[PDB]
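# Sharing an experimental structure here, sequence included.
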Amino acid sequence: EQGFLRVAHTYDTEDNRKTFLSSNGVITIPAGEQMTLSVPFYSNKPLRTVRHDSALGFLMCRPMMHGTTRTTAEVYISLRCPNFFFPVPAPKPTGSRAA
Amino acid sequence: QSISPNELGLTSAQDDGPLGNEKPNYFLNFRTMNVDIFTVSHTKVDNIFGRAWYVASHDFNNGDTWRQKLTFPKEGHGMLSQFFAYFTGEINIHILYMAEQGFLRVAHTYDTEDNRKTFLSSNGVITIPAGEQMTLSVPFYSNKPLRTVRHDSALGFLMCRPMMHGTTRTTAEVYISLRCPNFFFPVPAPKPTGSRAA
Amino acid sequence: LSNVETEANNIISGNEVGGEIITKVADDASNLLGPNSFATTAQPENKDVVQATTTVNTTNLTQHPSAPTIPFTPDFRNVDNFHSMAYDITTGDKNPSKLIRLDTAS
Amino acid sequence: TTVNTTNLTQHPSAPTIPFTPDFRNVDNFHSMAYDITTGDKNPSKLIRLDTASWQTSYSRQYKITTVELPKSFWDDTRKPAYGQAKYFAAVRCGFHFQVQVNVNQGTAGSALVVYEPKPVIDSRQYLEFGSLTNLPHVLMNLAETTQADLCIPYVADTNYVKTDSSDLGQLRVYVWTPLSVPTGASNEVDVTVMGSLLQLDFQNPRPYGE
Amino acid sequence: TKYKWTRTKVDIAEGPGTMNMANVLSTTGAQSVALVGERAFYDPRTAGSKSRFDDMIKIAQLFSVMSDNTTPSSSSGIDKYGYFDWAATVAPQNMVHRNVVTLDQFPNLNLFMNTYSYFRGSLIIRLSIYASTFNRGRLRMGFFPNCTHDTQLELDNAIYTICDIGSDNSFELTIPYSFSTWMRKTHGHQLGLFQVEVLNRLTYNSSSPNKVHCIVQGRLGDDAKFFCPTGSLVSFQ
Amino acid sequence: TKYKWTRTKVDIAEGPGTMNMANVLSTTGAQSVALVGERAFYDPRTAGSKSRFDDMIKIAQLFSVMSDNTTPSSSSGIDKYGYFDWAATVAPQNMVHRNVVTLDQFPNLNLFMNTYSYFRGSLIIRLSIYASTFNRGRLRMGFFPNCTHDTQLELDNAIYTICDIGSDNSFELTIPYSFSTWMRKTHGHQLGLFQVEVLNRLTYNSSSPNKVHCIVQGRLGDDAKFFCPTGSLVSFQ
Amino acid sequence: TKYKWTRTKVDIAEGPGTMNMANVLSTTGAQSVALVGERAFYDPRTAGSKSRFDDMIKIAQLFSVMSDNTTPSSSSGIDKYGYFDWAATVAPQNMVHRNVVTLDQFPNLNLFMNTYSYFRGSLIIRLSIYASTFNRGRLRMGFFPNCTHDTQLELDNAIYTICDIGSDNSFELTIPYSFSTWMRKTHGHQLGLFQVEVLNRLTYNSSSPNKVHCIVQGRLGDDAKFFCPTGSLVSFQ
């Protein structure tokens, strides 16, 4: 909606909840704005992450009020300063190509 | 060396002894290893209340204006609320306004006390334009010092006037976070609040 | 008793000459000495303490104490202030003595 | 106190030792020179794990003999992978492997030994073979080298792994160049792997069976 | 008056939209913003106490009985939680109790696991037996850190801790932190198993209580700590 | 010309919407903004006086009679505020007056409490008696700092302050700041109680005024001060 | 409170619209922005290994057989890739194989050229022949770096590399990077041509394998590297 509405978002962890989401975090992003966050990590049980779960997680998106018209969102990712190493390279040959 | 309730000395606890033996887990040699970066405050105070979220509330019927002044309970709170007993702090308020396509304005401030007539703009103002971000920090004062009851609650009021009108509906949001809590906290952690009697 | 516990130890060191492992001499026996040690210590230490508190004009002699049991870091006072009605303090020490009316008309 | 078990007792009597005990710690004198061993050091040694099969029915990409995850010392009826690990539930250990394939001179065929490290063995997907060739492997040319050495430090997602259930590494011998058969000579060269275990840790007790 | 001047900043990587957050907050690192109102700042005082503290785990560290209806009981009627050590149970291999397991226990660790979800640290446990001075007895305490389904005398296998009563109570046995990974989930994922086992009887004389019992309260520390928040909750409570 | 360059700021924690406030202001800390218009700056002069001052409580500090109709009176008709010390009232335990209580008093402290709401400090009070030089008399002044409902000779209990007239007036009695907390509310919450009590008569000769009287004016200081503003108001006035 | 003040920045060369990018990213140079959430930072550990590495071309550098059906074969049925060096082919000028050409080869260089498109570096090639110890033979290996349409004994012209088997395998021949410009396109633009040529026979005795063969696997390095990304792809795979 033309600058009508707001979007609340955060993550995650874990399995399930009831609940008030704003506890585990919040990031009020106004209508027609830019796509900005960085998460750090933690429990996030350390041990790294399965590698092909995938991909161990969840995002939580609540579009608050409503403006009676349709609504749409976009999600892009980039992971920075990857510790990665990477570890046990480069087994999972993933030579699938079996596309 | 195996303790004795109703015996000395205080509410302290201990090192709980370096048993087993070893053995190799088995009893001790537990040394802390900080995993995180370390902010480490995740166990510590301050930070956690530093985060925010809380009450998602206060819908708005258009007609007409004025107030009503709303009582911020401070809890609630009700999402991260699992945390508390004590009394005090010097807030940080977040205000949000979903209304007419950039048509209108919202005036807001607080508070103190009981009642008034009145021109509100005296005790303060914060003209927040349509569709904008939720930003204030209050300091304190009379605010009779003495801290604050702790479960009033929560000693207060917010005052919200939506100025002119654009003939369509109107909505608002209020989030809270209290920073640098002096808190201490005091008399911890009595109000066991083990309700769970949910 | 006292030396016997350290005899259980000195046996432990008996088999400790075996780095395995390490050892301390299964199972963690390395302490069979106990915590100084099965004696006494506090509980029925009695007399194990006897107390004999005192207050103005009244003594309390009590024979089986437990523990002071203070809540956290009490540091209790003695205003304050902050202030709490600047009047200090008073009497009796100092309220009992002041001018007062005593008379009449004729 | 003893390993994992404390005994708090309220009314002691006395140590009561017999004469000047000075007890040991062989001896010797000697009592079967073998010392000591394990567990500490018996639980870890080479061990047999394999069997026989071969000939020409196998195309190059056709699997051969998969050797099981860390459960395969447990369910083995001999060494520790039975006694002590049938007590404790948690295992963390390195791995050392000698694989033996001996043929009769005059023939040539390749064997391949790879150690997939739990990559959701997924379906491996069909074109991924090289692929399968980036891993900590070993390529035996049977014309010459009759044995092959390998060392795997284990890596897994978790910092520990359940004894028989959650596993980690799975050996796989794949054939490479189905074997050549001069006429005539024996039809079966079979296979063997004999393993050994590095400095090894069990932890986290639990009752007997579970 | 053109310098230049100023020209320019123009990053803006934005999108001047939080910017002022909302979003909301995390992790603080956003202090009193768009200040303020105004201005100075307060100057409080105790008392109270000189207790300004972070932590958190200092406020855990307080022995607290496990719920009400654990067994359950209290009342519920009597027991009178802790079951009863009462003659008939002899057979040095028995007693009763049970965990399953867990972390509720609702002595406020309910609320911790109802706000944070992750942690590392032990659950120091206390058994406390009440009987008069005359009678005496010993009993043990099994706890397995995995754990399984009940699961008998392997309680003789695992951890131990002998108990003599006595002059005077109470007792203790700890657990070291035992699990893979580093953090653990704080919901109903896993924890161990707990029995108390009568080995010899708790005797009684002709003038005596004839019935003697227990209470058991745990607490977490002192190595422990929690990682990250979450909304949970238990509605709410 | 790309450095870089500039790239970037992009905080913005915003929401470039106050930003420029509105909101409005608090606490100043926002000086002449989006300047300006332009440019220089002024260069004033007295007189006037060399009276550039903050404070505020310097402008309180001025003895000012309490309202008009306090008793009320003035006129209203006579009295002629302060009642009347006039013979008949003898009985050394009596006189008349009264507070309830309060803080209105409308000698401009009305407007202070009609803008600020909170404070700490005393209400220094003055009684001023007018009679000619011949006649004389004594009288006291009760004030309780709580306070209650009338409430007799306990005015002998509480604070005091004797009065002789005289050559010449006027008088004084103070109060120390008495309450819990630290700030007090400035609306109709609480204050004390005030009587004047005739103990001996105010006599008169055969050539004399025969009727003598009072005026009473309070002021706040010099320890005092006010905290925070508020919109109030008294409409408006 | 007006300084000034602040006034001003006002570059803004913007358009506060990325600013916060989106756009999206390139080239990183945009770290954790509008931070964050919050706050500290992690502290991981191996193992794993002490393998924190950039590169990339370190992960290329691993000899990997060319596809499955290259010839194709494997199975497909036998061959049993590498064709067969088997008696009948003598005529020292022949053998069989072929490139056309190329860069697929799908041993993961498929995925490299399916993400990056450009590079410079060679394609080190390996032939590996399997036969028992008795029999022996020589054979060559032609590769032209342009290249053309098949194209005979000019394979005697171009590059060479003799082969003796042997005790024991395997082998090698390299190529230097050969082309104009500097980068090359990584799609189906160009590469060379490859045969293996029997010159003398691979003999056999009366007790012997009688059939001997090859496998051929290439890899890229160690001079190589890739330039720029692209979306490609092979759907997806």
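Looks like it arrived, so ask away. Numbers count the residues shown, from 1 in each chain, chains lettered A, B, ... in the order given.

# how about the helices in chain C?
Here chain C has its helices, by DSSP state H, at C:2-16.

# which parts of it sit against chain F?
C:82-87, C:99-101, C:103-105 (Cβ under 8 Å from any Cβ of the partner chain). Backbone N, C-alpha and C define where each C-beta goes, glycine included.

# show me the contacts for residue 55.
You didn't pick a chain, so chain A it is. residue A:49 (Cβ atoms under 8 Å, 6 or more residues apart in numbering or on different chains).

# Chain E is the one I meant
B:43-45.

# And the residue of chain A closest to chain G?
residue A:99 (2.9 Å; Cβ to the nearest Cβ).

# Go ahead and confirm that residue touches residue G:237.
Yes: using Cβ atoms under 8 Å, residue A:99 is in contact with residue G:237, at 2.9 Å.

# Have a look at the two and say which one is more surrounded.
residue G:237 (15 against 11; other Cβ atoms under 10 Å in any protein chain shown).

# measure the more buried one to chain E for me?
33 Å (Cβ to the nearest Cβ, to the nearest Å).

# what residues are up against that residue?
For residue G:237, the contact set (Cβ under 8 Å, 6+ apart) comprises A:96-99.

# that older thread, now the contacts of residue E:55 as JSON lines including distance to residue E:35?
Listed next are the contacts of residue E:55 as JSON lines, based on distance: Cβ to Cβ, whole Å:
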{"residue": "B:43", "distance to residue E:35": "30"}
{"residue": "B:44", "distance to residue E:35": "25"}
{"residue": "B:45", "distance to residue E:35": "23"}
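
# In helices only, show me those.
Judged by DSSP H, the subset of those located in helices is empty.

# And those, which is closest to chain D?
Using Cβ to the nearest Cβ, the contacts of residue E:55 come closest to chain D at residue B:43, 21.3 Å.

# Tell me the residues on chain D that lie near chain G, please.
Close to chain G, as judged by Cβ under 8 Å from any Cβ, chain D has residues D:59-61, D:105-110, D:126-127, D:129-131, D:133-134, D:141, D:143-144, D:153, D:155, D:176-178, D:180, D:182, D:185.

# returning to that earlier point: which of the contacts of residue G:237 ranks first by neighbour count?
residue A:97 (21 neighbours).

# What's the separation between that one and chain F?
From residue A:97 to chain F the distance is 40 Å (Cβ to the nearest Cβ).

# For residue 64, which non-adjacent residue is spatially closest?
I'll assume chain A. residue A:6 (4.9 Å; Cβ to Cβ, 6 or more residues apart in numbering or on different chains).

# actually it's chain C I care about, not the one you picked
Closest to residue C:64 by Cβ to Cβ, 6+ apart is residue C:46, at 7.4 Å.

# what about that neighbour, how many neighbours?
13.

# Surely it touches residue C:40?
No: the pair residue C:46 / residue C:40 is not scored as a contact, 9.7 Å apart, by Cβ under 8 Å.

# so how far is chain A from the residue nearest to residue C:64?
In terms of Cβ to the nearest Cβ, residue C:46 sits 50 Å off from chain A.

# got it, and residue E:61?
21 Å.

# Which residues lie in contact with that residue in this structure?
Here residue E:61 is in contact with B:13, E:219-222 (Cβ under 8 Å, 6+ apart).

# Could you report the neighbour count for residue A:26?
Neighbour tally, residue A:26, other Cβ under 10 Å: 28.

# Also residue E:22?
By the criterion of other Cβ under 10 Å, residue E:22 has 28 neighbours.

# mind checking which helix or strand it is in?
For residue E:22, there is no host helix or strand (DSSP states H and E).

# one step back: out of the contacts of residue E:55, which is nearest to chain A?
Distances from chain A to these, taken by Cβ to the nearest Cβ, are shortest for residue B:43, at 12.2 Å.

# how close does that closest one get to residue D:85?
To residue D:85, residue B:43 is 36 Å away according to Cβ to Cβ, to the nearest Å.

# what do you get for residue E:218?
31 Å.

# more crowded one of the two?
Set residue E:218 next to residue D:85 and count neighbours by other Cβ under 10 Å: residue D:85 wins out with 23 against 19.
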